[PDB]
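The structure appears below as structure tokens.
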Amino acid sequence: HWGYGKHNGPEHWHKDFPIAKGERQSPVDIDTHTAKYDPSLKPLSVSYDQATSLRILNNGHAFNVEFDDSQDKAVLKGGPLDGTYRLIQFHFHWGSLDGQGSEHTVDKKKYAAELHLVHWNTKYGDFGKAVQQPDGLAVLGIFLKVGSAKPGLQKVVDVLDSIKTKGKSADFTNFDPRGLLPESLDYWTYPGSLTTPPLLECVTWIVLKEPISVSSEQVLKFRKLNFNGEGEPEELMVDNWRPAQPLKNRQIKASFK
Ligand SMILES: NS(=O)(=O)c1nnc(NC(=O)[C@]23C[C@H]4C[C@H](C[C@H](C4)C2)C3)s1
Ligand SMILES: [Zn+2]
């Protein structure tokens, strides 16, 4: 089944998931000179003060930190969004090398990794219904570069030893996702898709202009994870990113100049 290897990687996904060649696929290259400033875009509202993290899980393609999304505890609104979107999970995509790993690119530049905070539109009642709607999800994307350590990421890094292999989970309570945000909330936005199968076209992408910096040691610990389950041959979880897809009939908008 699908993955990031030579025989099941992004170039193969379209066989099981024909929408891979669809009209609003993600990620994309963000051409900063062609992105249109949109003065009517509202400031993002990130309200994570009441966030309740529950668990961290190695799902065989990345690790997800999951949140309680049965009430409005951590929500995203404003920006290009109408209504309220609840945080359900975050995860990362990263490379085998610092020069690659992000899914979105900026003027063709790849970052070392990319964080996705996934939210769903509460008007649809649950995440399963939301992914079937064109405005069902809002994903906040944040680039990572290697430099100084990100203090707020360290609790994540330190639990990875306990979820090395596919299917492993660990209690992960009281984690504050605010510690992963850059200083500025300036963003680009466009309509797109999930970047992993089923590749559903249900996402309003909000990609922050300002990367966070993480340390060499922090990203190295990401790369010690495994795609495989325990007792299966070891394959390091690296390069779990989908490359840029055709923009087609879409305009990327900027919240800033
Ligand atoms: N890379 S990306 O952000 O476009 C995404 N690509 N796929 C995502 N899938 C989900 O978010 C899931 C959310 C919760 C329910 C479903 C099962 C777990 C827990 C995963 C799907 S995000
Ligand atoms: Zn993702």
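Starting from 1 in every chain, residues are counted up; chains themselves are A, B, ... following the order of the structure tokens, and ligands are numbered from 1 as listed.
Residues in contact with ligand 1 (atom pairs separated by at most 7 Å; only C-alpha atoms and all ligand atoms) are residues 88, 89, 116, 117, 118, 127, 139, 193, 194, 195, 196, 197 and 199 of chain A.
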For N, CA and C atoms, I'd like the residues from the last selection saved as a tab-separated table (two decimals), in the first residue's frame.
chain	number	residue	atom	x	y	z
A	88	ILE	N	-7.39	19.15	15.55
A	88	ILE	CA	-7.53	17.72	15.81
A	88	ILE	C	-6.16	17.05	16.00
A	89	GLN	N	-5.18	17.44	15.19
A	89	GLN	CA	-3.85	16.85	15.35
A	89	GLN	C	-2.82	17.73	14.68
A	116	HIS	N	2.36	20.63	10.14
A	116	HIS	CA	0.95	20.81	9.76
A	116	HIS	C	0.07	20.68	10.98
A	117	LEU	N	-0.61	21.77	11.32
A	117	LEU	CA	-1.64	21.75	12.36
A	117	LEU	C	-2.99	21.66	11.67
A	118	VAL	N	-3.66	20.53	11.86
A	118	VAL	CA	-4.86	20.20	11.10
A	118	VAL	C	-6.11	20.56	11.88
A	127	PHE	N	-14.75	15.26	11.97
A	127	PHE	CA	-13.68	15.31	10.98
A	127	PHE	C	-14.02	14.45	9.76
A	139	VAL	N	-5.61	23.74	7.23
A	139	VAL	CA	-4.34	23.27	7.75
A	139	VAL	C	-3.37	24.43	7.81
A	193	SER	N	-5.50	20.38	-1.01
A	193	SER	CA	-5.91	19.04	-0.64
A	193	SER	C	-5.11	18.52	0.54
A	194	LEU	N	-5.52	17.37	1.06
A	194	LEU	CA	-4.64	16.56	1.91
A	194	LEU	C	-3.41	16.21	1.09
A	195	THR	N	-2.24	16.20	1.71
A	195	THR	CA	-1.04	15.83	0.95
A	195	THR	C	-0.69	14.34	1.07
A	196	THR	N	-1.50	13.58	1.80
A	196	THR	CA	-1.39	12.12	1.80
A	196	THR	C	-2.71	11.51	1.36
A	197	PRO	N	-2.67	10.28	0.84
A	197	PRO	CA	-3.94	9.62	0.50
A	197	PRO	C	-4.87	9.69	1.70
A	199	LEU	N	-5.94	12.13	-0.26
A	199	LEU	CA	-5.70	13.30	-1.11
A	199	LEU	C	-6.96	14.13	-1.39
Can you build me a table of chain A residues sitting at most 12 Å from ligand 2, with the closest atom pair per residue and its distance in Å to one decimal, using only C-alpha atoms and all ligand atoms, sorted by chain and residue number, as CSV?
residue,atom,partner,partner_atom_place_in_ligand_line,distance
A:26,CA,ligand 2,1 (Zn),9.9
A:27,CA,ligand 2,1 (Zn),9.3
A:61,CA,ligand 2,1 (Zn),9.8
A:62,CA,ligand 2,1 (Zn),8.4
A:63,CA,ligand 2,1 (Zn),10.0
A:64,CA,ligand 2,1 (Zn),9.5
A:65,CA,ligand 2,1 (Zn),12.0
A:89,CA,ligand 2,1 (Zn),10.0
A:90,CA,ligand 2,1 (Zn),7.9
A:91,CA,ligand 2,1 (Zn),6.2
A:92,CA,ligand 2,1 (Zn),6.0
A:93,CA,ligand 2,1 (Zn),6.3
A:94,CA,ligand 2,1 (Zn),10.0
A:101,CA,ligand 2,1 (Zn),11.3
A:102,CA,ligand 2,1 (Zn),9.5
A:103,CA,ligand 2,1 (Zn),8.0
A:104,CA,ligand 2,1 (Zn),10.1
A:113,CA,ligand 2,1 (Zn),10.3
A:114,CA,ligand 2,1 (Zn),7.7
A:115,CA,ligand 2,1 (Zn),7.0
A:116,CA,ligand 2,1 (Zn),5.0
A:117,CA,ligand 2,1 (Zn),8.0
A:118,CA,ligand 2,1 (Zn),8.1
A:119,CA,ligand 2,1 (Zn),11.7
A:138,CA,ligand 2,1 (Zn),11.6
A:139,CA,ligand 2,1 (Zn),8.3
A:140,CA,ligand 2,1 (Zn),9.5
A:141,CA,ligand 2,1 (Zn),8.2
A:142,CA,ligand 2,1 (Zn),10.4
A:143,CA,ligand 2,1 (Zn),11.5
A:193,CA,ligand 2,1 (Zn),10.2
A:194,CA,ligand 2,1 (Zn),7.3
A:195,CA,ligand 2,1 (Zn),6.0
A:196,CA,ligand 2,1 (Zn),7.1
A:197,CA,ligand 2,1 (Zn),10.7
A:199,CA,ligand 2,1 (Zn),10.8
A:203,CA,ligand 2,1 (Zn),11.3
A:205,CA,ligand 2,1 (Zn),10.9
A:207,CA,ligand 2,1 (Zn),11.9
A:240,CA,ligand 2,1 (Zn),9.2
A:241,CA,ligand 2,1 (Zn),8.0
A:242,CA,ligand 2,1 (Zn),9.1
A:243,CA,ligand 2,1 (Zn),11.9
Find the residues around residue A:1 up to 12 Å (only C-alpha atoms counted), leave out those fewer than 6 positions away in its own chain, and share them as a PDB file with N, CA and C atoms, in the first residue's frame.
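Written output follows (part-v5.pdb):
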ATOM      1  N   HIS A   7       8.748   2.199  -4.865  1.00  0.00           N
ATOM      2  CA  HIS A   7       7.675   1.437  -5.497  1.00  0.00           C
ATOM      3  C   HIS A   7       6.262   1.804  -5.056  1.00  0.00           C
ATOM      4  N   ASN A   8       6.145   2.651  -4.037  1.00  0.00           N
ATOM      5  CA  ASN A   8       4.828   3.031  -3.553  1.00  0.00           C
ATOM      6  C   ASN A   8       4.702   4.526  -3.245  1.00  0.00           C
ATOM      7  N   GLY A   9       5.681   5.304  -3.712  1.00  0.00           N
ATOM      8  CA  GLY A   9       5.772   6.727  -3.428  1.00  0.00           C
ATOM      9  C   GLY A   9       4.799   7.603  -4.205  1.00  0.00           C
ATOM     10  N   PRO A  10       4.914   8.927  -4.033  1.00  0.00           N
ATOM     11  CA  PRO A  10       3.932   9.858  -4.609  1.00  0.00           C
ATOM     12  C   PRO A  10       3.631   9.633  -6.095  1.00  0.00           C
ATOM     13  N   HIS A  12       3.210   6.976  -7.559  1.00  0.00           N
ATOM     14  CA  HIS A  12       2.330   5.821  -7.702  1.00  0.00           C
ATOM     15  C   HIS A  12       0.920   6.054  -7.164  1.00  0.00           C
ATOM     16  N   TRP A  13       0.731   7.107  -6.372  1.00  0.00           N
ATOM     17  CA  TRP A  13      -0.507   7.234  -5.604  1.00  0.00           C
ATOM     18  C   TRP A  13      -1.751   7.311  -6.484  1.00  0.00           C
ATOM     19  N   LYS A  15      -2.770   5.679  -8.862  1.00  0.00           N
ATOM     20  CA  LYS A  15      -3.381   4.396  -9.232  1.00  0.00           C
ATOM     21  C   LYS A  15      -4.470   3.971  -8.243  1.00  0.00           C
ATOM     22  N   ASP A  16      -4.212   4.118  -6.947  1.00  0.00           N
ATOM     23  CA  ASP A  16      -5.264   3.903  -5.959  1.00  0.00           C
ATOM     24  C   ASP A  16      -6.131   5.134  -5.713  1.00  0.00           C
ATOM     25  N   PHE A  17      -5.567   6.324  -5.911  1.00  0.00           N
ATOM     26  CA  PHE A  17      -6.266   7.568  -5.602  1.00  0.00           C
ATOM     27  C   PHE A  17      -6.209   8.525  -6.789  1.00  0.00           C
ATOM     28  N   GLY A  60       3.023   5.144  10.868  1.00  0.00           N
ATOM     29  CA  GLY A  60       3.721   4.489   9.781  1.00  0.00           C
ATOM     30  C   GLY A  60       4.065   5.420   8.636  1.00  0.00           C
ATOM     31  N   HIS A  61       3.544   6.652   8.665  1.00  0.00           N
ATOM     32  CA  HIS A  61       3.915   7.671   7.662  1.00  0.00           C
ATOM     33  C   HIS A  61       4.410   8.976   8.281  1.00  0.00           C
ATOM     34  N   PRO A 197      -2.669  10.276   0.838  1.00  0.00           N
ATOM     35  CA  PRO A 197      -3.936   9.617   0.497  1.00  0.00           C
ATOM     36  C   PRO A 197      -4.868   9.687   1.701  1.00  0.00           C
TER      37      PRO A 197
END
- prompt: Closest to residue A:219 among A:111, A:4, A:124, A:48, using only C-alpha atoms?
  reply: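 Among A:111, A:4, A:124, A:48, it is A:111 that comes nearest to residue A:219.
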- prompt: Which polymer residues have any atom within 12 Å of an atom of residue A:38, counting only C-alpha atoms, with same-chain residues fewer than 5 positions away left out, as number ranges by chain?
  reply: A: 43, 79-80, 186-190, 251-257
Mind running stretch 35-139 of chain A against stretch 160-182 of chain A at 7 Å and telling me each contacting residue's nearest atom pair with the distance in Å (one decimal), counting only C-alpha atoms, chain and number ascending, as JSON lines?
{"residue": "A:48", "atom": "CA", "partner": "A:178", "partner_atom": "CA", "distance": 6.5}
{"residue": "A:51", "atom": "CA", "partner": "A:176", "partner_atom": "CA", "distance": 6.8}
{"residue": "A:52", "atom": "CA", "partner": "A:174", "partner_atom": "CA", "distance": 6.3}
{"residue": "A:53", "atom": "CA", "partner": "A:173", "partner_atom": "CA", "distance": 5.0}
{"residue": "A:54", "atom": "CA", "partner": "A:173", "partner_atom": "CA", "distance": 4.8}
{"residue": "A:55", "atom": "CA", "partner": "A:172", "partner_atom": "CA", "distance": 4.3}
{"residue": "A:56", "atom": "CA", "partner": "A:170", "partner_atom": "CA", "distance": 5.4}
{"residue": "A:57", "atom": "CA", "partner": "A:169", "partner_atom": "CA", "distance": 4.3}
{"residue": "A:58", "atom": "CA", "partner": "A:166", "partner_atom": "CA", "distance": 5.2}
{"residue": "A:59", "atom": "CA", "partner": "A:166", "partner_atom": "CA", "distance": 5.3}
{"residue": "A:60", "atom": "CA", "partner": "A:166", "partner_atom": "CA", "distance": 4.4}
Quick one: write out the picked residues with C-alpha atoms as an mmCIF file, in the first residue's frame?
data_model
loop_
_atom_site.group_PDB
_atom_site.id
_atom_site.type_symbol
_atom_site.label_atom_id
_atom_site.label_comp_id
_atom_site.auth_asym_id
_atom_site.auth_seq_id
_atom_site.Cartn_x
_atom_site.Cartn_y
_atom_site.Cartn_z
ATOM 1 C CA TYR A 48 -4.773 27.527 21.518
ATOM 2 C CA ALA A 51 -5.736 23.075 23.944
ATOM 3 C CA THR A 52 -5.944 19.532 25.334
ATOM 4 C CA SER A 53 -3.396 17.174 23.809
ATOM 5 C CA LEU A 54 -3.998 13.490 24.471
ATOM 6 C CA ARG A 55 -1.614 11.185 22.676
ATOM 7 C CA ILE A 56 1.229 10.860 20.208
ATOM 8 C CA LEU A 57 1.104 8.136 17.573
ATOM 9 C CA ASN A 58 3.458 6.703 14.966
ATOM 10 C CA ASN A 59 1.081 5.865 12.117
ATOM 11 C CA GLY A 60 3.721 4.489 9.781
#
Of A:134, A:217, A:69, A:200, the one sitting nearest residue A:153 when using only C-alpha atoms is A:217
### Message
Let me make sure I understand: among A:106, A:201, A:192, A:137, which one has the smallest atom-to-atom distance to residue A:18 if we use only C-alpha atoms?
### Response
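The answer is A:201, which sits nearest to residue A:18.
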Identify all residues of stretch 20-179 of chain A in strand (DSSP E) (DSSP on the backbone) and supply them as an NGL selection string. :A and (29-30 or 36-37 or 44-47 or 53-58 or 63-67 or 75-78 or 85-94 or 105-106 or 113-121 or 137-146 or 169-171)
Based on the backbone DSSP call, show me all residues of stretch 18-186 of chain A assigned helix (DSSP H, G or I), as a PyMOL selection string.
chain A and resi 18-21+122-124+127-130+151-163+177-180
Restricting it to C-alpha atoms, dump the selection as a compact mmCIF listing (two decimals), in the first residue's frame.
# COMPACT_ATOMS: atom_id res chain seq x y z
CA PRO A 18 -7.12 9.11 -9.00
CA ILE A 19 -7.72 12.51 -7.37
CA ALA A 20 -3.92 12.71 -7.08
CA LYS A 21 -4.07 14.27 -10.55
CA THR A 122 -17.21 22.65 13.22
CA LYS A 123 -20.28 23.23 11.05
CA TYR A 124 -19.77 19.68 9.73
CA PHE A 127 -13.68 15.31 10.98
CA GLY A 128 -15.02 12.42 8.89
CA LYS A 129 -17.82 14.57 7.48
CA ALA A 130 -15.56 17.60 7.13
CA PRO A 151 12.39 24.97 23.12
CA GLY A 152 8.68 24.24 22.66
CA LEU A 153 9.43 21.32 20.36
CA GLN A 154 11.66 19.49 22.83
CA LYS A 155 8.87 17.67 24.68
CA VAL A 156 7.87 16.18 21.33
CA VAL A 157 11.43 15.19 20.50
CA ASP A 158 11.95 13.48 23.84
CA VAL A 159 8.91 11.19 23.56
CA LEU A 160 9.88 9.87 20.09
CA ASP A 161 11.96 7.05 21.62
CA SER A 162 8.71 5.58 22.89
CA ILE A 163 6.93 5.55 19.50
CA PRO A 177 1.10 23.94 20.59
CA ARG A 178 1.66 27.70 20.99
CA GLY A 179 5.31 26.83 21.58
CA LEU A 180 5.61 25.81 17.94
Residue with smallest distance to residue A:32 - pool A:218, A:84, A:45, A:105, counting only C-alpha atoms: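 Comparing A:218, A:84, A:45, A:105 against residue A:32, the winner is A:105.
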Task: Gap from atom CA of residue A:66 to atom CA of residue A:148 - Å, one decimal - done: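 Going from atom CA of residue A:66 over to atom CA of residue A:148, I get 26.1 Å.
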One decimal place gives the atom CA of residue A:208-atom CA of residue A:184 separation as 7.9 Å
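Using only C-alpha atoms for every distance, the candidate list A:150, A:145, A:248, A:221 yields A:145 as the residue closest to residue A:100.
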